[PDB]
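Read left to right, the sequence shown gives residues 83 to 469 (the UniProt record's numbering). Notes follow the structure.
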Amino acid sequence: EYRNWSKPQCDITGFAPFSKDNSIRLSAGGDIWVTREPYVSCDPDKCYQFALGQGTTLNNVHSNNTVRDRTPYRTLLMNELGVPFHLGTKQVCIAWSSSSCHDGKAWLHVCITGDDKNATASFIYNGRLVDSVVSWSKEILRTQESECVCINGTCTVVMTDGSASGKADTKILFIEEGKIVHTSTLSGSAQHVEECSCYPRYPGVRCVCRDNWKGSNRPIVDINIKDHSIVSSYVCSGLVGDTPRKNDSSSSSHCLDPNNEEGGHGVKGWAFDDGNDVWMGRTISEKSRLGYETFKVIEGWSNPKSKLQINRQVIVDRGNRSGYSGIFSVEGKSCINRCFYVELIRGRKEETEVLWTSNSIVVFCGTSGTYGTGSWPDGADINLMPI
Ligand SMILES: *[C@@H]1O[C@H](CO)[C@@H](O[C@@H]2O[C@H](CO)[C@@H](O[C@@H]3O[C@H](CO[C@H]4O[C@H](CO)[C@@H](O)[C@H](O)[C@@H]4O)[C@@H](O)[C@H](O[C@H]4O[C@H](CO)[C@@H](O)[C@H](O)[C@@H]4O[C@H]4O[C@H](CO)[C@@H](O)[C@H](O)[C@@H]4O)[C@@H]3O)[C@H](O)[C@H]2NC(C)=O)[C@H](O)[C@H]1NC(C)=O
Ligand SMILES: *[C@@H]1O[C@H](CO)[C@@H](O[C@@H]2O[C@H](CO)[C@@H](O)[C@H](O)[C@H]2NC(C)=O)[C@H](O)[C@H]1NC(C)=O
Ligand SMILES: CC(=O)N[C@H]1[C@H]([C@H](O)[C@H](O)CO)O[C@H](S(=O)(=O)O)C[C@@H]1NC(=N)N
Ligand SMILES: *[C@@H]1O[C@H](CO)[C@@H](O)[C@H](O)[C@H]1NC(C)=O
Ligand SMILES: [Ca+2]
C-alpha cells in the first residue's frame, strides 16, 4: 500500500502535452479562484492540481492587490488535474506556502500560515491535523510549493526560515502519517535553498531548488530517507536554470558553489539527472518570467563546462508570460516518469491593465515516444478582462 517508487526512471526523449486549465480565460466568464504558486501531485490513480488561493475569485472586488504574497486568506486549493478552480474547489488548509504528497495510503499537506516572523506549519494527514511546528528563525518559514515525496511511508519535505539574501536556516523534515519523526539540518555545499522541486530517486529523494542569494545555477539537495543524512551541491550544467541569469554565451556554473552570476532573486524551477546528462526547464528570457523551454544538457549533470544542449522544446513562446515550474513523478507499469507544470502568471505588477494577479497552468509529461512543436500560453486577453 505504501509507495516505494522502486522502479527505474523511464526513458525520456522529451515531453508531451498532458494538461492545461485555461483558468484566466475562463475567469472572464465564470467565477474562478485567484491563485498563484500552483503545482501537481498524483495519488496512485490520478493527478490533482493544487494552488495557493487568494481568498477571492478574479471577477470580485477582493481580487485587487492580490500580488501580495502572504495574507490570512490564502488557502491551499485541490482539484482533479484539469478541473479549473471553480467555487466548489476544496480549500484543504490555510497556507501562503505549502507542499503536498500522497504516500500510497493518504494525502499529506504541509501548510504554513500566520505572521511573517512567527509562522506556523500544519501537518495534515488522511484528513486530520497530526502535527505542527513553529518558525525556527522568525523570518518567513516557507517550503517547496510543489509535491513532497514519500518512500515506505516516510515523507520528506524541505523548509527554509530566514533571510532571502543571505545564509538562511534550511531543514529537511521526515513525516510519517503526518507526525514529524525527525528533522535534519541542510548540509553540504548548497549555500541558499528555496522552493525545492523534489522527486523519488530510489532508495532516496533528490531535489533541485532555488538559490535566491548568489546562485543562478540551481542547488541540489539529496535526502537519505533511512539514515536522514543530507548532502547538497549545484546543478553542474554550464547552461543554468534560474531567472535571472546571464545569457547563454557568457554564463558559467560550478558543481559545488553558487556561480555569483545574477544570483540574487530567482524563480522556482526543476531539473533531473539522466545518467550524466540533465533534463531541465527554464524561462526563455534570462531576466524575467517570459517564455518556457526544456532541453537536455549532455554531460550537464556531471560537467560544469557543458553547454551542449539537445532536444529543446518550446513550452511557452518567448512572447508570453510564464512563472513557476516544478516537477512531479508518476508511477508507470515499468518505470517512474517525470512530469512538470508551468505557472502562467497574468496581471500586476508586470501587466497593469488589471488590478489582480493570478495564473493558469499547463502541464507536460516525459515521453519515450515522439513529439513535435507548439506553444501553449495562458491565452487570456488582458485588455478585455474584468479589472
Ligand atoms: C510566537 O508564537 C508563540 C506561540 O503562540 C508565542 O509564545 C506564546 O506567547 C504568549 C504570550 O506571552 C504566551 O501566553 C502567555 O503566557 C503567560 C504566562 O507565561 C509566562 O509566565 C510563566 C510564569 O508566569 C512562564 O513559565 C512562561 O515562560 C512565560 O514567561 C500569561 O501570563 C499570558 O497571559 C497574560 O497576557 C495576555 C497577553 O499576552 C493577556 O491577554 C492575559 O490576560 C494575561 O494578562 C493578565 O495577567 C497578567 C499576570 O499574569 C497581568 O500582567 C496582565 O495585566 C493581565 O491581568 C499569556 O497567556 C504563550 O504561553 C506562549 N506560547 C508558548 C508555546 O510559549 C511567542 O511569544 C511568539 N513570538 C513572537 C515573537 O511573536
Ligand atoms: C485597490 O487597492 C488600492 C490600495 O492598495 C487602492 O488605491 C489607493 O486607495 C487609497 C484610497 O483611495 C489612496 O489613498 C491611494 O492613493 C490609492 N492608490 C494607490 C495606493 O496607489 C485602490 O482604490 C483599490 N482599487 C479598487 C478598485 O478597489
Ligand atoms: C513564503 C513566500 O512568501 N514566498 C514568496 C517568495 C519569496 O519571497 C522568495 O523566495 C524569497 O524568499 O517569492 C516568490 S516571487 O514570485 O516573488 O519570486 C513568491 C512567494 N510567495 C508565496 N509563496 N506566497
Ligand atoms: C551576453 O553577455 C555578455 C556580457 O554582458 C556580452 O558581452 C554579450 O554581448 C551578451 N550578449 C550576447 C552574447 O548576445
Ligand atoms: Ca538566483
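A virtual CB, placed ideally from N, CA and C, is assigned to each residue, including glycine.
Work out the CA separation of residue j and residue i for me, nearest whole Å.
| i | j | result |
| --- | --- | --- |
| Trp-115 | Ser-388 | 43 Å |
| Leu-372 | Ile-427 | 10 Å |
| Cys-278 | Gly-270 | 15 Å |
| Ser-384 | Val-360 | 9 Å |
| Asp-185 | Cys-237 | 7 Å |
| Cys-124 | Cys-318 | 30 Å |
| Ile-464 | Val-436 | 7 Å |
| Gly-345 | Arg-327 | 7 Å |
| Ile-94 | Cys-421 | 10 Å |
| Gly-164 | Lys-296 | 37 Å |
| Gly-209 | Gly-260 | 10 Å |
| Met-467 | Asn-104 | 14 Å |
| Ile-254 | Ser-245 | 17 Å |
| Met-241 | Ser-311 | 15 Å |
| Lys-199 | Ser-219 | 8 Å |
| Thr-439 | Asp-309 | 42 Å |
| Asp-355 | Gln-273 | 21 Å |
| residue 500 | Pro-90 | Any answer about residue 500 is impossible in this case: the structure gives the chain only from 83 up to 469. |
| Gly-357 | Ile-392 | 15 Å |
| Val-143 | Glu-432 | 20 Å |
| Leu-211 | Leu-190 | 10 Å |
| residue 34 | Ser-331 | Residue 34 lies beyond the stretch modelled for the chain, which goes from 83 to 469, so this question has no answer here. |
| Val-313 | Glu-381 | 21 Å |
| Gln-131 | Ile-469 | 26 Å |
| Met-160 | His-168 | 11 Å |
Ligand 3 heavy atoms versus the CB of residue i: any closer than 7 Å?
| i | result |
| --- | --- |
| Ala-353 | no |
| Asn-294 | yes |
| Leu-268 | no |
Just to confirm before moving on: does the CB-CB distance between residue i and residue j stay below 8 Å?
| i | j | result |
| --- | --- | --- |
| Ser-450 | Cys-92 | yes |
| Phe-97 | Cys-447 | yes |
| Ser-181 | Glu-227 | yes |
| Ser-407 | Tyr-453 | no |
| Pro-282 | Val-231 | yes |
| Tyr-284 | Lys-187 | no |
| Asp-213 | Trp-178 | no |
| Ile-233 | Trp-352 | no |
| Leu-140 | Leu-158 | no |
| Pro-99 | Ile-443 | no |
| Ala-201 | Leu-223 | yes |
| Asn-299 | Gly-286 | no |
| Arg-156 | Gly-137 | yes |
| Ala-462 | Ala-203 | no |
| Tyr-316 | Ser-334 | no |
| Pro-154 | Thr-117 | no |
| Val-239 | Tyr-423 | no |
| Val-398 | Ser-457 | yes |
| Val-149 | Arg-400 | no |
Following a CB-centred definition, is residue i positioned closer than 7 Å to any heavy atom of ligand 2?
| i | result |
| --- | --- |
| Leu-140 | no |
| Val-149 | no |
| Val-436 | no |
| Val-116 | no |
Residue i: which of the options sits nearest, CA to CA?
| i | options | result |
| --- | --- | --- |
| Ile-302 | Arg-327, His-310, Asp-339 | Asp-339 |
| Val-445 | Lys-369, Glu-425, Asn-146 | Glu-425 |
| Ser-404 | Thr-225, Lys-369, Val-240, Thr-252 | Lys-369 |
| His-347 | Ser-332, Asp-293, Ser-331 | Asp-293 |
| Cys-291 | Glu-229, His-191, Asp-330, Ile-206 | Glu-229 |
| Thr-265 | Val-275, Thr-252, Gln-273, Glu-276 | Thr-252 |
| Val-263 | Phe-205, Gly-248, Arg-288 | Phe-205 |
| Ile-409 | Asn-402, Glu-381, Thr-376, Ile-257 | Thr-376 |
| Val-349 | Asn-342, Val-275, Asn-147 | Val-275 |
| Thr-455 | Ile-106, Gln-395, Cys-175 | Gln-395 |
Between residue i and ligand 5, is there a pair consisting of the residue's CB and a ligand heavy atom that are separated by less than 7 Å?
| i | result |
| --- | --- |
| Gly-448 | no |
| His-347 | yes |
| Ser-298 | yes |
| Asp-324 | yes |
At a threshold of 7 Å, does residue i count as lining ligand 1 (C-beta to nearest heavy atom)?
| i | result |
| --- | --- |
| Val-215 | no |
| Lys-89 | no |
| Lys-220 | yes |
| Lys-389 | no |
Kindly say whether residue i, judged by its beta-carbon, lies nearer than 8 Å to any beta-carbon of chain C.
| i | result |
| --- | --- |
| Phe-422 | Given the protein chain composition of this structure (a single chain), no chain C is represented. |
Heavy atom of ligand 4 less than 7 Å from the Cβ of residue i, yes or no?
| i | result |
| --- | --- |
| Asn-329 | yes |
| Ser-332 | yes |
Given 7 Å as the limit, tell me if residue i has its C-beta closer than that to any heavy atom belonging to ligand 6.
| i | result |
| --- | --- |
| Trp-295 | Looking for ligand 6 in the displayed structure turns up nothing; the ligands present are ligand 1, ligand 2, ligand 3, ligand 4 and ligand 5. |
Original post:
Is it true that the segment 364-371 meets the segment 320-337, where meeting means three or more beta-carbon pairs spaced less than 8 Å apart?
Top reply: yes
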